[PDB]
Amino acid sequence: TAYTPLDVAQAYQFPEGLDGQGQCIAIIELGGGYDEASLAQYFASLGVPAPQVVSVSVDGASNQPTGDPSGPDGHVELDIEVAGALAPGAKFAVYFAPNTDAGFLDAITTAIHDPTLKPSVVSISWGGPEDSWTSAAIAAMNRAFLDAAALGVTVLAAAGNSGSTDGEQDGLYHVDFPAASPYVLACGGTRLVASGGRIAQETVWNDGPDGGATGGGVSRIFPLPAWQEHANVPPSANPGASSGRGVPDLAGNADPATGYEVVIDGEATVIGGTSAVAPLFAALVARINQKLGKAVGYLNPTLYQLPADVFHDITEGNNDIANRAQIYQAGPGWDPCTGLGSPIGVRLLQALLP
């Protein structure tokens, strides 16, 4: 099982007749580059008019594809193919920074403050466990995301591809940063079975430690936000059971087993990860911005007050890949695997309309 990005947007009922025109989506990259030949062939094969793609160098880094499809080129082309396939009217600005937290910070503030490209959306699918970040870098990052919220820019981040432990074996549960930020729309991952625009079934992405699984959990750094106050977020499963910001907010297809068809450095292939969901929803927000005639910005508070039928609730599975305790599990409403669920594009747009 494999989908084009178009088949996925169809299952999530993205609003038709909108392609992101007049909008600029920013995409953060910390390594590799994209092969233009790949994009050219991919977009055409999908029937999509070649989108404008430009690179911006940050802290001396630049677009540098190595040709190795199994390298960071794959991260980069996945970001672009998936989003560019779904908002091809939008201008894509890809910011390349050194693979450091200072570079990542700098690429994000470069994007937000861009006086020329002024992106209205920032797509992020890089990060790490919050404990791997220093308190100072965490604080700089969060000022940035707040700034973003003040400028009407939406910021979206993949919640992780390693389950509730996010890759650590220090025997604790952890969420990823920057999705853990309250000012970031955290994107979880599901397993999607769909066709002709109707989802047949959608469960938690979890293919074990070998296969990867959706990030999700309870932030140990940030306290439960006011707008999450009655979303049924639990305390972390970690002893002490501190309450904290629940991750994620929304979720989309991320299971490589029901994966995305893309072309990485010439080779046809199928990928997944929550890495595909931020750019997928980045394109949804850009289409919605076009319709609105202005950037929607920071959506987290809005999302949590929308009626339930704006989402496809995910209620089965868990995102534990380290033990059999099923920490965390899906269920009715918000859960620490899939958050509010998958959005139903046309209904989110209708709620956002005057």
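Just count from 1 along the sequence shown to find any residue number.
When 224-232 is weighed against 255-263, 224-232 comes out higher, by mean CA B-factor as recorded in the entry. Comparing 270-278 with 190-198, the stretch with the higher mean C-alpha B-factor in the PDB entry is 190-198. Comparing C-alpha B-factors across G103, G127, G246, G208 in the deposited entry, the largest value falls on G208. Highest CA B-factor among the listed residues (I108, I80, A241, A90): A241. The entry lists a Cα temperature factor for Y173 that places it in the highest third of the chain's modelled residues. Among all modelled residues in this chain, the alpha-carbon of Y328 has a temperature factor (C-alpha) in the highest third. Among the modelled residues of the chain, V285 sits in the lowest third by CA temperature factor in this PDB entry. Per the deposited record, the Cα B-factor of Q41 falls in the middle third when ranked against the other modelled residues of its chain. When all modelled residues of the chain are sorted by CA temperature factor, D166 is found within the middle third.
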